[PDB]
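Okay, structure first, notes after.
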2 protein chains.
Amino acid sequence: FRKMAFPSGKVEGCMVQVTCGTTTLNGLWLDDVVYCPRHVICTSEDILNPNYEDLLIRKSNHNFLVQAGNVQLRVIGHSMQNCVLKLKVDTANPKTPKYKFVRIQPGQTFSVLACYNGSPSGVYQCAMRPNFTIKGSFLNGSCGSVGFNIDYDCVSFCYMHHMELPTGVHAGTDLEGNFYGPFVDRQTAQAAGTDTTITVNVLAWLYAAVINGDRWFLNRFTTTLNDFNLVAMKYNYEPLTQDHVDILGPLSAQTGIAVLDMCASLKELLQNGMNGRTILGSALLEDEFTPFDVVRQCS
Amino acid sequence: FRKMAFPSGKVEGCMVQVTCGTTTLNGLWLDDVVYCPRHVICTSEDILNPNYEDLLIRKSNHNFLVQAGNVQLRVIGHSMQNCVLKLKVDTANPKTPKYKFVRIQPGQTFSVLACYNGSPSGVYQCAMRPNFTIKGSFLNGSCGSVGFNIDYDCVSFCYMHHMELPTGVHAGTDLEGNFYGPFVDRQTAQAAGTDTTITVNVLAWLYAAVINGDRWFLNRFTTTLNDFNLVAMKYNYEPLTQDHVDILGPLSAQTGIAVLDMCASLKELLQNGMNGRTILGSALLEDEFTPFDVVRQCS
Ligand SMILES: CC(C)(C)[C@H](NC(=O)C(F)(F)F)C(=O)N1C[C@H]2[C@@H]([C@H]1C(=O)N[C@H](C=N)C[C@@H]1CCNC1=O)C2(C)C
Ligand SMILES: CC(C)(C)[C@H](NC(=O)C(F)(F)F)C(=O)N1C[C@H]2[C@@H]([C@H]1C(=O)N[C@H](C=N)C[C@@H]1CCNC1=O)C2(C)C
């Protein structure tokens with residue numbers, strides 16, 4: 001059982017490089033529009049406290065240099081949707097997949113294609129944390145890299161990368177340019193809310209462990225949903241809803257372990273610790289696999 | 001630091017399916033040749049005790065169904081090289097990347113594109129263990145999925161998947177069909193040997209921690225390579241080769257910590273433990289990041 005990303009080829013064919021003045025970052029080229037973070041327009045002075053509408057009205061199409069590989073795409077119009085710039089180009093991307101823009105909820109996972117200078121560098125799986133950050137791997141020039149899920153040849157874009165917080169976690173927007181979380185695209189100190197652990201995902205991962213032949217953490221105890229939630233909240237875990245219990249149904253039926261029996265296992269893990277043992281090679285409880293992720297990989 | 005795969009697009013464009021009889025696995029289409037595991041020619045009875053030369057002599061080009069999606073590629077020749085079948089087809093793949101076939105060493109990492117019926121399913125990073133197995137994630141029909149690294153648009157193919165051992169780890173060949181390790185492509189009792197920890201990768205991880213300011217474990221001692229190797233083996237760690245010392249060169253130069261001084265630091269951790277301290281937020285020493293992986297993620 002590995003952390004597994006979606007194949008990235010459908011997204012690689014959409015990545016381009018966008019340069020405005022001194023700043024170069026990545027854009028997403030779909031049909032005849034390039035989407036990118038609007039902070040590309042800022043100078044190093046503007047970026048400390050930008051007035052974006054005032055800055056954008058002062059730009060011309062020719063201020064934007066868009067490069068797909070070696071070929072320059074001519075920008076023929078530009079507008080702003082929240083924190084995302086939409087550059088209209090005179091060329092349609094023949095590699096445009098079937099796609100949708102979606103806003104994901106905390107606890108959902110997605111694949112990130114990290115890119116620099118319009119060229120894909122790496123792919124990995126992330127979860128939207130309950131505090132609306134992501135624990136990514138992004139360096140200078142990674143902005144405009146996107147996160148996505150793939151469902152039968154349809155790419156659902158859910159994240160565009162904008163910034164790194166002082167704690168090393170990351171923040172960005174949906175493809176409508178709205179940030180996940182209380183963050184802003186301004187270079188100034190910003191912290192996130194206290195994070196919590198994605199309970200339904202920890203349980204899904206415990207089931208993945210059982211599917212892969214590990215049972216050391218199970219016990220013979222039971223719990224009610226409410227009593228489990230009291231202990232979960234005490235340990236800074238998210239509430240488990242009846243919808244979550246239902247979503248875990250396939251995994252419970254495959255292993256024969258009732259959801260509330262798995263909750264009693266997790267409760268014991270939280271109260272006693274792992275005593276130096278590991279689950280699926282991990283010394284900590286892993287919360288970045290959803291129930292769907294486990295099913296997709298295990299079957 | 002997290003496991004980051006290479007973008008899979010250049011490999012996705014080379015994946016096809018190969019069917020003999022009712023058995024379908026994956027193949028790799030480069031120029032006008034498709035490479036796949038030779039056990040595609042076996043029936044469920046043959047696999048228990050196959051005579052591959054006799055099975056191949058009964059086959060003709062017209063017994064092999066090669067498909068890119070649902071589009072058939074006409075087979076015009078077939079031959080066996082070690083444990084791989086090479087099917088010459090009448091069409092050169094226009095998506096063939098610049099590529100090399102390489103045989104990797106234990107400890108080296110690579111990205112796996114897990115595929116079923118020629119359709120990519122997911123991508124993840126793997127390390128070749130010292131016992132010549134990988135801790136993959138593979139289901140029925142995954143054989144012919146490949147592992148690869150990418151360097152300046154050149155894809156180095158290093159692994160093709162063949163089998164799962166009873167401990168749940170995986171075994172396969174290079175693209176010339178030579179197995180890694182003592183395994184054979186027959187359904188008969190086989191077992192992975194005892195494994196060891198990849199010392200060169202643990203050292204790379206310690207350098208990564210130093211780069212990020214986590215350096216409490218740096219001591220005031222040094223060691224010789226030979227003395228270190230003899231101690232490491234007593235802790236079930238791999239000895240270092242001269243090539244390992246050289247691949248740590250860039251990280252040693254970046255940090256100013258001599259390789260042998262870092263070896264002495266690791267020796268102290270092995271002999272006295274970590275004393276409840278963590279390194280990079282972990283109580284365990286990670287051994288599946290190579291020196292290149294550490295550099296790749298900070299560059
Ligand atoms: C890291 C930092 C001090 C720079 C700053 N953060 C804060 O100012 C904070 F305190 F608000 F977080 C920050 O990220 N930015 C400052 C400026 C943009 C963003 C930015 O440079 N984005 C990079 C896109 N190419 C990706 C970054 C680079 C390092 N790793 C990444 O992921 C905007 C918020 C408008
Ligand atoms: C695991 C199994 C008990 C079935 C068996 N293993 C052993 O015989 C061993 F133990 F010896 F290794 C293994 O038999 N196979 C039998 C036959 C091929 C191989 C096989 O089915 N390969 C699959 C390719 N599509 C990938 C597998 C499927 C499950 N997960 C995988 O990765 C060959 C060795 C010729």
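Both ligands and their constituent atoms are indexed starting at 1 by order of listing. Reminder, nothing fancy here: chain letters follow the sequence lines and each chain counts from 1. Quick note: numbers below take in every heavy atom, side chains included, and nothing from hydrogens, waters or symmetry partners.
Every protein residue with a heavy atom nearer than 4.0 Å to ligand 1 is included here: A:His39, A:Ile47, A:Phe138, A:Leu139, A:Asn140, A:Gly141, A:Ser142, A:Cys143, A:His161, A:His162, A:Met163, A:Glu164, A:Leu165, A:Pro166, A:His170, A:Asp185, A:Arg186, A:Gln187, A:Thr188, A:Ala189, A:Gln190.
Contact record, A:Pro106 with A:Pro130: CB-CA, 3.8 Å, taken as the closest heavy-atom pair.
A cation-pi arrangement is found for A:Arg38 relative to A:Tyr52, the charged atom lying closer than 6.0 Å to the ring centre and inside a 45° cone about the ring normal.
The salt bridge (charged side-chain N to carboxylate O under 4.0 Å, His left out) analysis of residues 171-181 of chain B, with sequence neighbours excluded, yields the pairs B:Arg103-B:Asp174.
Between the side chains of B:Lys86 and B:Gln81, at least one donor N or O sits under 3.5 Å from an acceptor N or O.
Checking A:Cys83, A:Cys20, A:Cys143 one by one against A:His39, the side chain to side chain contact (heavy atoms under 4.5 Å, CB included) holds for a single residue, A:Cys143. Tested against A:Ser8, the residues A:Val112, A:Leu113, A:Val155 include a single side chain to side chain contact (heavy atoms under 4.5 Å, CB included) partner, A:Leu113.
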